[PDB]
Amino acid sequence: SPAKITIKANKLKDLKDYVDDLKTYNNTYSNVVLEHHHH
Amino acid sequence: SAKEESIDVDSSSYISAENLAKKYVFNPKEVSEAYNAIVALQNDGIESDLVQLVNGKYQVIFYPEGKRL
């Protein structure tokens with residue numbers, strides 16, 4: 001099903017950190033695709 | 001049918017960023033735009049529809065592209 005994900009924190013710093021981690025891992029998993037071509 | 005998931009980073013139990021990324025493929029442009037909006041609000045007070053104070057917490061909303069393989 002379609003999904004809507006709401007991420008919440010009282011402090012902007014904590015929200016920033018979660019999103020920063022998400023960004024890192026989302027990019028890493030997407031890079032695995034390219035690695036399969038490289039290797 | 002549709003799924004709404006709330007991730008309360010201030011709570012005693014929430015899905016890790018690692019596990020969220022394992023579960024879903026996100027459009028990187030969506031995530032980057034939200035991250036930059038958070039930074040702009042924090043650093044320069046720039047308000048955006050992307051990062052709002054709602055019911056006592058700042059929030060962003062993501063619409064995953066897919067379920068990760």
# chains A, B, ... in the order shown; residues from 1 in each chain; ligands from 1
>>> closest_atom_pairs(of="chain A", to="chain B", cutoff="8 Å", atoms="only C-alpha atoms", output="JSON lines")
{"residue": "A:1", "atom": "CA", "partner": "B:2", "partner_atom": "CA", "distance": 5.3}
{"residue": "A:2", "atom": "CA", "partner": "B:2", "partner_atom": "CA", "distance": 5.1}
{"residue": "A:3", "atom": "CA", "partner": "B:3", "partner_atom": "CA", "distance": 4.5}
{"residue": "A:4", "atom": "CA", "partner": "B:4", "partner_atom": "CA", "distance": 4.8}
{"residue": "A:5", "atom": "CA", "partner": "B:5", "partner_atom": "CA", "distance": 4.9}
{"residue": "A:6", "atom": "CA", "partner": "B:61", "partner_atom": "CA", "distance": 4.5}
{"residue": "A:7", "atom": "CA", "partner": "B:7", "partner_atom": "CA", "distance": 4.7}
{"residue": "A:8", "atom": "CA", "partner": "B:59", "partner_atom": "CA", "distance": 4.4}
{"residue": "A:9", "atom": "CA", "partner": "B:57", "partner_atom": "CA", "distance": 5.1}
{"residue": "A:10", "atom": "CA", "partner": "B:57", "partner_atom": "CA", "distance": 4.2}
{"residue": "A:11", "atom": "CA", "partner": "B:58", "partner_atom": "CA", "distance": 7.0}
{"residue": "A:12", "atom": "CA", "partner": "B:42", "partner_atom": "CA", "distance": 6.5}
{"residue": "A:13", "atom": "CA", "partner": "B:42", "partner_atom": "CA", "distance": 7.8}
{"residue": "A:14", "atom": "CA", "partner": "B:9", "partner_atom": "CA", "distance": 7.3}
{"residue": "A:15", "atom": "CA", "partner": "B:9", "partner_atom": "CA", "distance": 7.3}
{"residue": "A:16", "atom": "CA", "partner": "B:38", "partner_atom": "CA", "distance": 6.2}
{"residue": "A:18", "atom": "CA", "partner": "B:17", "partner_atom": "CA", "distance": 6.3}
{"residue": "A:19", "atom": "CA", "partner": "B:35", "partner_atom": "CA", "distance": 6.3}
{"residue": "A:20", "atom": "CA", "partner": "B:35", "partner_atom": "CA", "distance": 6.8}
{"residue": "A:21", "atom": "CA", "partner": "B:17", "partner_atom": "CA", "distance": 5.9}
{"residue": "A:22", "atom": "CA", "partner": "B:17", "partner_atom": "CA", "distance": 4.8}
{"residue": "A:23", "atom": "CA", "partner": "B:31", "partner_atom": "CA", "distance": 6.2}
{"residue": "A:25", "atom": "CA", "partner": "B:21", "partner_atom": "CA", "distance": 5.9}
{"residue": "A:26", "atom": "CA", "partner": "B:21", "partner_atom": "CA", "distance": 5.2}
{"residue": "A:27", "atom": "CA", "partner": "B:28", "partner_atom": "CA", "distance": 7.1}
{"residue": "A:29", "atom": "CA", "partner": "B:22", "partner_atom": "CA", "distance": 7.6}
>>> select_by_dssp(residues="segment 1-31 of chain A", states="helix (DSSP H, G or I)", output="PDB file with C-alpha atoms, in the first residue's frame")
ATOM      1  CA  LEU A  12      15.188  20.387  15.519  1.00  0.00           C
ATOM      2  CA  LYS A  13      18.606  18.932  16.282  1.00  0.00           C
ATOM      3  CA  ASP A  14      17.080  15.514  16.964  1.00  0.00           C
ATOM      4  CA  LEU A  15      14.911  15.658  13.852  1.00  0.00           C
ATOM      5  CA  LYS A  16      17.943  16.723  11.795  1.00  0.00           C
ATOM      6  CA  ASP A  17      19.996  13.808  13.134  1.00  0.00           C
ATOM      7  CA  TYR A  18      17.347  11.196  12.318  1.00  0.00           C
ATOM      8  CA  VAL A  19      16.883  12.568   8.793  1.00  0.00           C
ATOM      9  CA  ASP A  20      20.673  12.789   8.292  1.00  0.00           C
ATOM     10  CA  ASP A  21      21.003   9.099   9.268  1.00  0.00           C
ATOM     11  CA  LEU A  22      18.095   8.194   6.985  1.00  0.00           C
ATOM     12  CA  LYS A  23      19.690  10.092   4.089  1.00  0.00           C
ATOM     13  CA  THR A  24      23.008   8.265   4.632  1.00  0.00           C
ATOM     14  CA  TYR A  25      21.430   4.785   4.696  1.00  0.00           C
ATOM     15  CA  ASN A  26      18.960   5.411   1.872  1.00  0.00           C
ATOM     16  CA  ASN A  27      21.894   6.551  -0.305  1.00  0.00           C
ATOM     17  CA  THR A  28      24.050   3.584   0.744  1.00  0.00           C
ATOM     18  CA  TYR A  29      21.378   0.994  -0.124  1.00  0.00           C
ATOM     19  CA  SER A  30      20.810   2.707  -3.480  1.00  0.00           C
ATOM     20  CA  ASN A  31      24.601   2.608  -4.139  1.00  0.00           C
TER      21      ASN A  31
END
>>> select_by_dssp(residues="chain B", states="strand (DSSP E or B)", output="list in words")
residues 3, 4, 5, 6, 7, 8, 24, 25, 48, 51, 52, 53, 54, 57, 58, 59, 60, 61, 62, 66 and 67 of chain B
>>> write_last_selection(atoms="N, CA and C atoms", output="tab-separated table (two decimals), in the first residue's frame")
chain	number	residue	atom	x	y	z
B	3	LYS	N	-1.16	3.46	4.30
B	3	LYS	CA	-0.46	3.33	5.57
B	3	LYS	C	0.05	4.69	6.02
B	4	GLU	N	-0.30	5.10	7.25
B	4	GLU	CA	0.34	6.22	7.92
B	4	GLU	C	1.19	5.65	9.04
B	5	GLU	N	2.48	5.98	9.04
B	5	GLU	CA	3.41	5.60	10.10
B	5	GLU	C	3.93	6.89	10.75
B	6	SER	N	3.88	6.94	12.09
B	6	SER	CA	4.45	8.03	12.88
B	6	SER	C	5.73	7.50	13.49
B	7	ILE	N	6.82	8.27	13.37
B	7	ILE	CA	8.09	7.96	14.04
B	7	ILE	C	8.40	9.09	14.99
B	8	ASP	N	8.19	8.82	16.28
B	8	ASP	CA	8.41	9.80	17.34
B	8	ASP	C	9.79	9.54	17.94
B	24	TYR	N	12.17	0.75	3.23
B	24	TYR	CA	11.66	1.57	2.15
B	24	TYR	C	12.75	2.21	1.30
B	25	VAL	N	12.45	2.32	0.00
B	25	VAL	CA	13.20	3.17	-0.91
B	25	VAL	C	12.57	4.57	-0.88
B	48	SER	N	9.36	26.80	6.29
B	48	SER	CA	9.07	25.98	5.13
B	48	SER	C	7.88	25.09	5.48
B	51	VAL	N	9.06	21.60	6.98
B	51	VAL	CA	9.35	21.37	8.40
B	51	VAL	C	8.51	22.29	9.24
B	52	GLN	N	7.51	21.72	9.91
B	52	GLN	CA	6.56	22.48	10.69
B	52	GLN	C	6.51	21.99	12.12
B	53	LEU	N	6.24	22.92	13.04
B	53	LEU	CA	5.91	22.60	14.42
B	53	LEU	C	4.41	22.28	14.46
B	54	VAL	N	4.11	21.01	14.76
B	54	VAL	CA	2.76	20.49	14.79
B	54	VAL	C	2.60	19.77	16.10
B	57	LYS	N	5.80	19.23	18.36
B	57	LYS	CA	7.01	18.67	17.76
B	57	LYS	C	7.20	19.16	16.34
B	58	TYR	N	8.45	19.34	15.94
B	58	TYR	CA	8.76	19.55	14.54
B	58	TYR	C	8.60	18.24	13.78
B	59	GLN	N	8.10	18.32	12.55
B	59	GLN	CA	7.91	17.15	11.74
B	59	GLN	C	8.18	17.37	10.27
B	60	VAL	N	8.62	16.29	9.62
B	60	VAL	CA	8.69	16.15	8.19
B	60	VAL	C	7.87	14.93	7.78
B	61	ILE	N	7.40	14.93	6.53
B	61	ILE	CA	6.62	13.86	5.97
B	61	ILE	C	7.35	13.34	4.71
B	62	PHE	N	7.47	12.02	4.63
B	62	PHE	CA	8.02	11.33	3.49
B	62	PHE	C	7.03	10.33	2.91
B	66	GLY	N	8.95	2.94	-2.75
B	66	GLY	CA	8.81	1.51	-2.82
B	66	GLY	C	9.22	0.80	-1.55
B	67	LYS	N	8.92	-0.50	-1.52
B	67	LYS	CA	9.40	-1.42	-0.50
B	67	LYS	C	10.71	-1.97	-1.02
>>> atom_distance(atom1="atom CA of residue 12 of chain B", atom2="atom CA of residue 50 of chain B")
25.2 Å
